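Novice: Shown below is the structure under consideration.
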Amino acid sequence: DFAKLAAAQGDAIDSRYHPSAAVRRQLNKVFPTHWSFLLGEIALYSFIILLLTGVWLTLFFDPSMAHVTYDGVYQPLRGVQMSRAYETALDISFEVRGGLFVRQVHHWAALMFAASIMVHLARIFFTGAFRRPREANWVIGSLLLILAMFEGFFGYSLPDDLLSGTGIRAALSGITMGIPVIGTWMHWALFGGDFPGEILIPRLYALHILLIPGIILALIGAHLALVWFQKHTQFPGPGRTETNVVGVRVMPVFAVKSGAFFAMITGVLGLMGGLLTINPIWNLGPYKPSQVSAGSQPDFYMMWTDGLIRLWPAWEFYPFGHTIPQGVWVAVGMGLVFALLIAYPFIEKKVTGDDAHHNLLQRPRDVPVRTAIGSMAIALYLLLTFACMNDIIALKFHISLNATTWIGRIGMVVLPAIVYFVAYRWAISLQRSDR
Amino acid sequence: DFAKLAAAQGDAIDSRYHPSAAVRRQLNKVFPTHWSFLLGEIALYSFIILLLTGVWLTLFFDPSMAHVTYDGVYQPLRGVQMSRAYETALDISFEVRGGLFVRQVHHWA
Amino acid sequence: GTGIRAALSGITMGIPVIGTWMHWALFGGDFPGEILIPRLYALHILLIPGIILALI
Amino acid sequence: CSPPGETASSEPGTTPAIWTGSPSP
Amino acid sequence: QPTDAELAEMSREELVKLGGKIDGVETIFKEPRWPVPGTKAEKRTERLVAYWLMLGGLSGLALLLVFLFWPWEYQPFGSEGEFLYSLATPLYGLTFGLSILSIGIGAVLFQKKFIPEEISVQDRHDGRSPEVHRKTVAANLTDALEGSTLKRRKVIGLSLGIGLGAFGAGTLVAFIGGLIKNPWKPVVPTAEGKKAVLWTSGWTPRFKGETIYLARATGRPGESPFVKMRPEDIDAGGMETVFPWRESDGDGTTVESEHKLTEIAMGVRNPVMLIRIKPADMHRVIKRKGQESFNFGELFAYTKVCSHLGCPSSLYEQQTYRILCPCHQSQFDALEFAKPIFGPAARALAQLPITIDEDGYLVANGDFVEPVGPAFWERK
Amino acid sequence: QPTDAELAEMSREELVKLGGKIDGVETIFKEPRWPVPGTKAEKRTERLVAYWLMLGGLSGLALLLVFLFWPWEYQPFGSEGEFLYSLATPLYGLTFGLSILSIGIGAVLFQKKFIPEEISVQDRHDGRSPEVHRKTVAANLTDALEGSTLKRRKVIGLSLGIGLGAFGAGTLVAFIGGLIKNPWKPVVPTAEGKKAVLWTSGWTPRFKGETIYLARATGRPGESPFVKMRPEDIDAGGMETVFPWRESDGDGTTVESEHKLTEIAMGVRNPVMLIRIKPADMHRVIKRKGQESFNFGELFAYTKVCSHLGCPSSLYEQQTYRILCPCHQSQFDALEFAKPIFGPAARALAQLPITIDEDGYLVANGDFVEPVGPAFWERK
Ligand SMILES: CCCCCCCCCCC(=O)OC[C@H]1O[C@H](O[C@@H]2[C@H](O)[C@@H](O)[C@H](O)[C@@H](O[C@H]3O[C@H](CO[C@H]4O[C@H](CO[C@H]5O[C@H](CO)[C@@H](O)[C@H](O)[C@@H]5O[C@H]5O[C@H](CO)[C@@H](O)[C@H](O)[C@@H]5O)[C@@H](O)[C@H](O)[C@@H]4O)[C@@H](O)[C@H](O)[C@@H]3O)[C@@H]2OP(=O)(O)OC[C@@H](COC(=O)CCCCCCCC[C@H](C)CC)OC(=O)CCCCCCCCCC)[C@@H](O)[C@@H](O)[C@@H]1O
Ligand SMILES: CCCCCCCCCCC(=O)OC[C@H]1O[C@H](O[C@@H]2[C@H](O)[C@@H](O)[C@H](O)[C@@H](O[C@H]3O[C@H](CO[C@H]4O[C@H](CO[C@H]5O[C@H](CO)[C@@H](O)[C@H](O)[C@@H]5O[C@H]5O[C@H](CO)[C@@H](O)[C@H](O)[C@@H]5O)[C@@H](O)[C@H](O)[C@@H]4O)[C@@H](O)[C@H](O)[C@@H]3O)[C@@H]2OP(=O)(O)OC[C@@H](COC(=O)CCCCCCCC[C@H](C)CC)OC(=O)CCCCCCCCCC)[C@@H](O)[C@@H](O)[C@@H]1O
Ligand SMILES: CC(C)=CCC/C(C)=C/CC/C(C)=C/CC/C(C)=C/CC/C(C)=C/CC/C(C)=C/CC/C(C)=C/CC/C(C)=C/CC/C(C)=C\CC1=C(C)C(=O)c2ccccc2C1=O
Ligand SMILES: CC(C)=CCC/C(C)=C\CC/C(C)=C/CC/C(C)=C/CC/C(C)=C\CC/C(C)=C\CC/C(C)=C\CC/C(C)=C/CC/C(C)=C/CC1=C(C)C(=O)c2ccccc2C1=O
Ligand SMILES: CCCCCCCCCCCCCCCC(=O)O[C@H](COC(=O)CCCCCCC[C@@H](C)CCCCCCCCC)COP(=O)(O)O[C@H]1[C@H](O)[C@H](O)[C@@H](O)[C@@H](O)[C@@H]1O
Ligand code: HEM
Ligand code: HEM
Ligand code: HEM
Ligand code: HEM
Ligand SMILES: CCCCCCCCCCCCCC(=O)O[C@H](COC(=O)CCCCCCCCCCC)COP(=O)(O)O
Ligand code: FES
Ligand code: FES
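Protein chains in written order, with my numbering: chain Y, 5 to 439; chain C, 7 to 115; chain R, 151 to 206; chain A, 1098 to 1122; chain D, -11 to 368; chain P, -11 to 368.
This is the structure we're talking about:
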């Protein structure tokens, strides 16, 4: 009898660890069933896929920079001197059964992970979920975006191919060596000397697989622990007040819905990792300081920084026999953007003047200023992301070769203002649409 | 001054997470004071020290079996063929300030 | 390395029926191969300590 | 601002002499 | 609250309500999905859910089959088995993704068509604690501090702060004391003593009068022997990536020569682009103060490393005499001492003086008159 | 359950007791360490705790100064600074170890001399949970399973089990499929077709009549690490490790030759012991079947790899003719075809036939007649 066995196991568990009171509270937890509340579920599920596929990749990856001669099965690269990182990356794709499938799934999972965070960030931003008491959860989440910002960048550079090798020379060195007073000291401490050095990949590999994921896992655990004990908010509606949660219980509606949603994420990621080819490293060969690939092609999560570099004017300062290159503006801009993003609720509660407990999500149309600001930020981010494909864009109108950066350099003040005005007017119109 | 700040932050945390009953139930838990009950803490403390020293070692170690020629400061091994794992292991103990101390503490831990 | 060669290799290859299959799978080839140290490094810095911390 | 050590000049210049190559490397 | 006697006769329906009441959960609405059993619509829905689940099992079995029995080895382009290899990875993701996607689809359709609809309201006790847990925890923490009498013992408190601070400063300083390296510690032997890494490159003479050839790479740089360059080894309107090669560096036939050649290619400031301007274009040529006599006839030597961020600029338009860096799209007017015209570049590319030795192969007349590569705080 | 007005008139001592009662903890003993004030002993104890904390701070400051200014760089043997460098790491641990240890000692003393001694009793409330919780949690799980209508849908239930099982089996095989390798795949070229790695070694001829020299390791990197050997180069009772070397391998000056010589040094089954039995003891030699002519007079060649677990067994005693393995103390009788006589070894070391060529250099007289190294399931 299966029922008898379950009763015996339940009696044994209860008589040892008396979890009946604690388990019942967990099973009775109520979560809202809004569609936009699954945005954070995708980011968490994508992180799990990255954990599983990342462990598989470490069984065949050598993070060494030692020069070796290729001797695999790839004809076009036979006899080409390369590093151990590039050779083992080629070994995974070609000489390991299913290695290419896992490698493409892992890269696709990283993109979905990064995309989900940004889309989930907008949901928190637009609905005003960063208010009290969830102000500290925004800070923890903001740090997770920054950690995932560099985590994807480091992993993309692990194969040490020509494309990624140029992105660790254009960003991790020129911008780091261009910092005032203590700029070449950091570059020396992070590469162990000059570029490329011999401890670039091994140091990044240790950071990328363990140290950064360890902080991310700890922050995610604290993030999920907060939301579980903060009794996640809900949209205003019939029967929804500030002192109640309307939705479904964990067992069995939420558990099945949440668990089956994990299956779709794996299925979508698995389908994209087999049918869609991403990051073909064998086409351009190993990274060499002598030769160069056309672009420093990054993924879209770490692409807005490259667009800002090209669009920013060549402004440099030379105070008293020194040099402040153009890369300082990009690095400073990242600091200002990250600082503003992290301390957003604290600024909002200073200008709006409200410091009361909030549990019902604000409608985005109810706050036209915040909605317009968010739309302006999204439009600015999209323009910066699309600013680094100017090579393709230039060969579309054939009116001037250097006029594509002028569109970008002028459009950084005109287009965001246009989006801000349209969003502001649309929010007001929607307020009076049903009133 | 300090007393006001203590109550200021204390009310701020309680007004958001209400961690009063939970914390008090954790600051009232009773543990026996027998000497043998601290034996398990030594293993826990050693693991934490291993975590801290292990992270430091990962910033200088290259885990490769590719053969290279030594050109470090250690005279009795100049020119000797060795793997990158043995190449950086000597670098930690010789070319990094405090690396030998961290390596020895990690192994003792 | 002498301890690895004896303990990790000779005992593993001496196992009945499926003894040289595990050795071949773990070492990625014959001893010493080229993948043992990176695989051991990964298992020692991420996998096994991760399980230990979870168990602790 | 503009780089101080980067200024154009109108000097014509002279043809470089034949390199000799010092011994004892 | 109820005793064991009452719980004996309680049904499962009211037992769930009692459990929710304790936790503050009130199930205000719950209805079975199919009010009438045995209807054809319910039976049809059961088959549809089972069909999705059975698809996952069939696709899961396919994944095991395609992984084992299918040509997986890499095949060269244009081969007899190249087409089969190109379908290996897509079949791996098609039979795996669809296997679990259909399982998730079937499970969701099961909880939207068979698990009864329920809406439950849980009273959230947010805000402050109910004034009894607040006072007790405050007294518990205050009693520990007041009972320990640490406040009234200043000598112990000051020593603890100084002792912990001194230990922390030493520990943190000894924890990040191995990562700090002086960037200006003379380590590169040059003609004049030892200089720092940034001030030097592959073209820096190790002794007075050292001869460095603008050698061309026969194949891939660092993997093929370097060959010397004749002045007329490039037609008017071309470009060659020369590297600093010495006569003692060998041709890579030996291990010590191969290591020397590898370091030449791995040099971040080593590559130099050689450009020859047509004789009918020297009227519109502007020299640089200090580099007027650096060119040799119609031959100009400029560093291949971009001055903005260090990307090696390989693209070059012979029609406009423009050097284009492919990373951030910066053009460098070769006629105006490789000065950056457009883009984020702000400094002109360094010019390497060149001349001709007794033999006749292009040699470097000396070192750069300015640092090569991206600018830093201590530059110029 | 005190009210808000009742919780405002309570002292700290009463609130702590109330909190303990709520948590089920009763403090039966609680007294200050120094009930009598103004005593010289209390002031003396205050200074004792402070002294340990001050020592920890001083040691932590010493660690900061030692780590920054003490000579840490390695000094070669016989140098003036060797003694100072030998104390670099010892000084790091002495200052760091004494600093935190002194702080810990002071913290222990503060608890044992100033923190009040307390005895607290807490009710366990362990074992089975109250029946109210036992029934409610069981009802919630039972109602979820029974109310979801899953038991009476056999087709849905079987499909979910088969689908999940098939998907799990498919994804498990794919996850570990890459690691699996065929031990017996012929990849090693041999005079009689491709063979498996375990069946071959460095002494296996790649073609009929291939000459393999018994080369000795010169001990220097490169510049002919392996050189030819003559029978007269070794006296009676001597032993020297030899390696399989060919003319095509080269002297290692070139990059290709050095790579070829690397596998010879890195060959697991390559090393071979060449021993010269004393002529007076030649009458005690017992020949193995099929290996009688495997010796060149008084010269015997035995594999250096122990047959037990693969350790190099090179502790050859010249008088007792006993080859000892230093890993697990296996002893082989060199006179009796290296038959094991002690330890866990149960099979004799393989004997390599040897001879001389026209030039008088020792060469192999074929391949091993049995596999070399540790035994496996598919051996013999
Ligand atoms: C507060 C911030 C706000 C800003 C204001 C404050 C700072 C403004 C005040 C000044 C300041 O900025 O200081 C900080 C910096 O300090 C140190 O920089 C100094 C100096 O500034 C650099 O310019 C200089 O370049 C460094 O020399 C290196 O090159 C020298 C050569 O170069 C000259 O030539 C270059 C190019 O030409 C030549 O090129 C090659 C050179 O051989 C050859 O090819 C060839 O010879 C060629 O020459 C030709 O010449 C003629 C042609 O016509 C003809 O003859 C021939 O044809 C020939 O061919 C130019 O490009 C250069 O510009 C320059 O002119 C070599 O000689 C050296 O050997 C070495 O390699 C030099 O270093 P040193 O002397 O080693 O150390 C000294 C000491 C620093 O003193 C201080 O005041 C420190 C205190 C103030 C700063 C803040 C710190 C204190 C505050 C507290 C700690 C806070 C609590 O060190 C240190 O303690 C630094 C410690 C780290 C910082 C901690 C911060 C705190 C950490 C936490 C935040 C480095 O550490 C930098 O990293 C660091 O940033
Ligand atoms: C149930 C367990 C209980 C125990 C009882 C059950 C098992 C007892 C039943 C049998 C059994 O044990 O099977 C399992 C094993 O199977 C496979 O082993 C077989 C065989 O047994 C091995 O002995 C044999 O050695 C393997 O050939 C390799 O060498 C061959 C040569 O060698 C011969 O010569 C050796 C030495 O001499 C020569 O040395 C060199 C060779 O060139 C040269 O120097 C030279 O030529 C020299 O010769 C001289 O000779 C004369 C001198 O006088 C003169 O002529 C000249 O002078 C000359 O110089 C001797 O040392 C050897 O002994 C031997 O005699 C080469 O010819 C080959 O090319 C290759 O390299 C061979 O492999 P194959 O043919 O490739 O495959 C076939 C197939 C296995 O068939 C089965 O029945 C499988 C089913 C039963 C087993 C269980 C599995 C099924 C159950 C379910 C799955 C459970 C749900 O494969 C497979 O499916 C294996 C898959 C993996 C296992 C999964 C388990 C389940 C996984 C989960 C647990 C390998 O996979 C092993 O790893 C594996 O363990
Ligand atoms: C071939 C190859 C080598 C490829 C690579 C290898 C690789 C990567 C393999 C992938 C393998 C994977 C990932 C397998 C997945 C399989 C899978 C998930 C199958 C399930 C199918 C199935 C039978 C479904 C239903 C059955 C069932 C009950 C099981 C599902 C179990 C699960 C996942 C239940 C989760 C329950 C639960 C309490 C979690 C919710 C999410 C979490 C963690 C909390 C976060 C969270 C909180 C806390 C909120 O407050 C909240 C409020 C409002 C909305 C949302 C949330 C929310 O998500
Ligand atoms: C009525 C009344 C008076 C009320 C009393 C107040 C009250 C009720 C209670 C108090 C509480 C409240 C709610 C009030 C407000 C409190 C308040 C203001 C709180 C503030 C807390 C706060 C701000 C959060 C903590 C901040 C935190 C934990 C983290 C710090 C992170 C921040 C802010 C900085 C981000 C900067 C950053 C990480 C930048 C990194 C990027 C840079 C510049 C690095 C350089 C750099 C490097 C090194 C590269 O590697 C690189 C690689 C490739 C390309 C480029 C680069 C590159 O440029
Ligand atoms: C009285 C002096 C100290 C001040 C007292 C207070 C201490 C505060 C911190 C300083 C502790 C660090 C100890 C440095 C050790 C020392 O004395 O070295 C000298 C180092 O120059 C100096 O004096 C400059 C002083 C320190 C400046 C640090 C630079 C600033 C920051 C920006 C560095 C970045 C770090 C990352 C954090 C920033 C991220 C922020 C978000 C010479 O270098 P060198 O000998 O060439 O290199 C050797 C290797 O070869 C050998 O492998 C081994 O690594 C060492 O032996 C090394 O020294
Ligand atoms: C980086 C990895 C992240 C993961 C794995 C993650 C996951 C989650 C999950 C599962 C939830 C539960 C509700 C939901 O799914 O909507 C949630 C809620 C929340 N997240 Fe994230 N998220 C991440 C990033 C962020 C970021 C970037 C922010 C803010 C900038 C943030 C702030 C929040 C807040 C405030 C909530 C609670 C919203 C409310 O209660 O109304 N998280 N997160
Ligand atoms: C958590 C967020 C993560 C992100 C955003 C991320 C991102 C990436 C990306 C984009 C790549 C390059 C893929 C390719 O070259 O095709 C990569 C490679 C890699 N990742 Fe991750 N990853 C994450 C987590 C992890 C974790 C937890 C591990 C644990 C071992 C891991 C292990 C690896 C390894 C070994 C590689 C190199 C394999 C290769 O290049 O073929 N990753 N990562
Ligand atoms: C990494 C390994 C281990 C760690 C970090 C660890 C740590 C601890 C700690 C801190 C405690 C608290 C009470 C005490 O110290 O006595 C404890 C208790 C306990 N440990 Fe361990 N220990 C480890 C290994 C083991 C082993 C090998 C066993 C059994 C074979 C074990 C079984 C137990 C049990 C049963 C208790 C509860 C004893 C009681 O409640 O009186 N642990 N452990
Ligand atoms: C229970 C946990 C651990 C144990 C028992 C352990 C044990 C050891 C031992 C005995 C060594 C040899 C050191 C030597 O020979 O000098 C070692 C080396 C090493 N450990 Fe751990 N370790 C643990 C955790 C970790 C962690 C968490 C990390 C990284 C975060 C790590 C990273 C390393 C590295 C990189 C080395 C090689 C460095 C070197 O040999 O110079 N270990 N470990
Ligand atoms: C980045 C800042 C990090 C701050 C860390 C915490 C520092 C503030 C400590 C707050 C203690 C307040 C006690 C108090 O008397 O204030 C009381 C505020 O009310 C509370 O008791 C709030 C309870 C929340 C405390 C539990 C949080 C975790 C504390 C762990 C301490 C080890 C004042 O009580 P009173 O008016 O005197 O009766
Ligand atoms: S790197 Fe040359 S343009 Fe930015
Ligand atoms: S290894 Fe030779 S005796 Fe065990």
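We put the CB at the ideal spot given by N, CA and C, even for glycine.
Residue 357 of chain D to residue 288 of chain D, Cα distance in whole Å?
Specialist: Taking the straight line from one Cα to the other gives about 15 Å.
Novice: At least one CB of chain D closer than 8 Å to the CB of residue 250 of chain P: is that the case?
Specialist: Cβ-Cβ to chain D under 8 Å: no for residue 250 of chain P.
Novice: Compute the Euclidean distance between the alpha carbons of residue 321 of chain P and residue 205 of chain P, then round it to the nearest angstrom.
Specialist: Each residue's alpha carbon lies about 25 Å from the other.
Novice: Return helix, strand or coil for residue 165 of chain Y, following the three-state DSSP convention.
Specialist: In the structure shown, residue 165 of chain Y sits in a strand (DSSP, three-state: E or B).
Novice: Taking 8 Å as the limit between beta carbons, can you name the residues of its chain near residue 41 of chain P, skipping five residues before and five after?
Specialist: Closer than 8 Å at Cβ, skipping near neighbours: 90, 91 and 94.
Novice: Between residue 428 of chain Y and the rest of its own chain, which residues show a CB-CB distance below 7 Å, the 5 nearest in sequence each way excluded?
Specialist: If we look at residue 428 of chain Y and ignore the five residues flanking it on each side, its Cβ neighbours are 372 and 376.
Novice: Relative to ligand 8, is the shortest distance from any of its heavy atoms to the C-beta of residue 49 of chain C smaller than 7 Å?
Specialist: Yes, Cβ of residue 49 of chain C sits closer than 7 Å to a heavy atom of ligand 8.
Novice: Counting pairs of beta carbons, one from the stretch 201 to 212 of chain Y and one from the stretch 223 to 238 of chain Y, are three or more of them closer than 8 Å?
Specialist: Short answer: they don't touch.
Novice: So, residue 210 of chain D versus residue 242 of chain D, is the Cβ gap smaller than 8 Å?
Specialist: It is not a contact, given that the beta carbons lie outside the stated cut-off.
Novice: Return yes when the C-beta of residue 184 of chain D is under 7 Å from any heavy atom of ligand 1, and no when it is not.
Specialist: True, at least one ligand heavy atom lies under 7 Å from that Cβ.
Novice: Tell me whether residue 82 of chain Y sits in a helix, a strand or coil according to DSSP, three-state version.
Specialist: Of the three classes helix, strand and coil, the one that applies to residue 82 of chain Y here is coil, per DSSP.
Novice: Using 10 angstroms around the beta-carbon of residue 133 of chain D, count the other beta-carbons present and answer buried if the total reaches 16, otherwise exposed.
Specialist: Per the 10 Å Cβ criterion, exposed.
Novice: Checking contacts by CB at 8 Å: is residue 366 of chain P closer than that to chain R?
Specialist: Closer than 8 Å: yes.
Novice: Does the beta carbon of residue 75 of chain C sit closer than 8 Å to a beta carbon anywhere in chain Y?
Specialist: No, no contact with chain Y.
Novice: Between residue 184 of chain D and chain C, is there a C-beta pair that is closer than 8 Å?
Specialist: No, residue 184 of chain D does not count as interfacial toward chain C.
Novice: Give the residues from the stretch 281 to 298 of chain P that approach chain C closer than 8 Å (Cβ to any Cβ), ordered along the chain.
Specialist: From the stretch 281 to 298 of chain P, no residue has a Cβ closer than 8 Å to chain C.
Novice: Exposed or buried, what is residue 193 of chain P when buried is set at 16 or more other beta-carbons lying within 10 Å of its beta-carbon?
Specialist: By the 10 Å Cβ count, residue 193 of chain P comes out buried.
Novice: Could you list which residues in chain D have their beta carbon closer than 7 Å to that of residue 30 of chain C, in chain order?
Specialist: By Cβ distance, chain D contributes 121, 124, 125 and 128.
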